[PDB]
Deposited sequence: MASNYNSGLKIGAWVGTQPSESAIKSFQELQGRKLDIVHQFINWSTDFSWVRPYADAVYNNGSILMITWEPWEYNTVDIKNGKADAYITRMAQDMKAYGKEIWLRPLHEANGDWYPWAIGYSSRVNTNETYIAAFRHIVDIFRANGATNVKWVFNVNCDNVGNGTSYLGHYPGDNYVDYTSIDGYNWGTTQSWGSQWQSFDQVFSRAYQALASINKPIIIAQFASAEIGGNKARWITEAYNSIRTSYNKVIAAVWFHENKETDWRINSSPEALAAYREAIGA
């Protein structure tokens, strides 16, 4: 019942990318995270899934519908694609944590409630999420566990932590994403400062919580101490969190655990045995 350690490793998780990250952090990955879109069939996923299961890890897939908005989805216009994914995931048989339409309380994704076209509402979101789950259950894909998500902050008009919550009957895990951006954009914020408000909201739901994406910048503060403090906070005060999934990518800023030697040493120590 210890905290599970996961990561998006900055590239799709081939066998070598998983093993390299495990060498890097000095520990097994309990969870391996990958991002795919809604024009990707399971056969493209399968070699990555095999690598993850062969390593003895849980695959978490963030499933991003760039190709269909919530109205599209709830009206059934993607159902052939959803049905094929469900059938293929059932046939695969292994436990997959699937996180569709994430960060919908932001404004950066075309399925999010804050997205500037105004097309996605609480109602269309909930109906879309429920429709996906319904199709998977009709196809016997009970191995697929459903992850609800919020961004740490509500960004854009109409956004909230729970307005778009599809209900306990459709969710196995909840989750929060968030970053300490430092001065890269923004101000330096502790893990608590980033995550406390969203956690308070999700703690009202009797589902375990995953920190599905998090990381810190180097600039504007001490990233090594931030990492030490983040994991201590998770263990001390975020008792409903069961997993911490770092976002290891040199992208908007260097989120990587090895953005500096000091950060790497702190991460290796913080994740524990």
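Ranges lacking C-alpha coordinates, please, mapped onto the deposited sequence and listed in sequence order. Several regions go unmodelled: 1 to 6, 192 to 194.
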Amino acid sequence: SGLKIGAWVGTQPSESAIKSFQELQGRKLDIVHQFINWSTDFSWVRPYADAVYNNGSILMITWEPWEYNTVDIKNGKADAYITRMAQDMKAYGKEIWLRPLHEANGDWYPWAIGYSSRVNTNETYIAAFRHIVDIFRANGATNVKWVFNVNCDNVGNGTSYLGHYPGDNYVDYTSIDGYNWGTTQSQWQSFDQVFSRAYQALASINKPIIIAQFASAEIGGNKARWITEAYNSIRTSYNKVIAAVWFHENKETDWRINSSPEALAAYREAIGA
From here on, numbers count along this sequence of modelled residues.
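Mean Cα B-factor comparison, 146 to 154 or 132 to 140, giving the higher one as deposited: Taking the mean C-alpha B-factor of 132 to 140 and of 146 to 154, the larger value falls to 132 to 140.
Out of 112 to 120 and 167 to 175, which one has CA B-factors that are higher on average in the deposited record? Comparing 112 to 120 with 167 to 175, the higher average CA B-factor belongs to 112 to 120.
Checking the entry, which one of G93, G106, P100, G76 has the top C-alpha B factor? Comparing C-alpha B-factors across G93, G106, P100, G76, the maximum falls on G93.
Taking the values straight from the PDB record, which of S39, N239, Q34, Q213 has the highest C-alpha temperature factor? Of the options given, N239 has the highest CA B-factor in the PDB entry.
For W188, return the chain-relative third of its C-alpha B-factor as stated in the PDB record: lowest, middle or highest. For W188, whose C-alpha B-factor we compare with every modelled residue in the chain, the answer is the highest third.
Tell me, lowest, middle or highest third: where does the Cα B factor of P65 rank within its chain? Its C-alpha B-factor belongs to the lowest third of this chain's values.
Within-chain third of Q200 by Cα B-factor, per the entry: Highest third, going by the recorded CA B-factors of the chain.
Just say lowest, middle or highest third for the CA B-factor of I18 relative to the other modelled residues in its chain. Tercile = middle for this residue's CA B-factor.
Select lowest, middle or highest to describe the third in which the CA B-factor of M89 falls within its chain in this entry. Its C-alpha B-factor, which the entry lists for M89, ranks in the middle third among residues of this chain.
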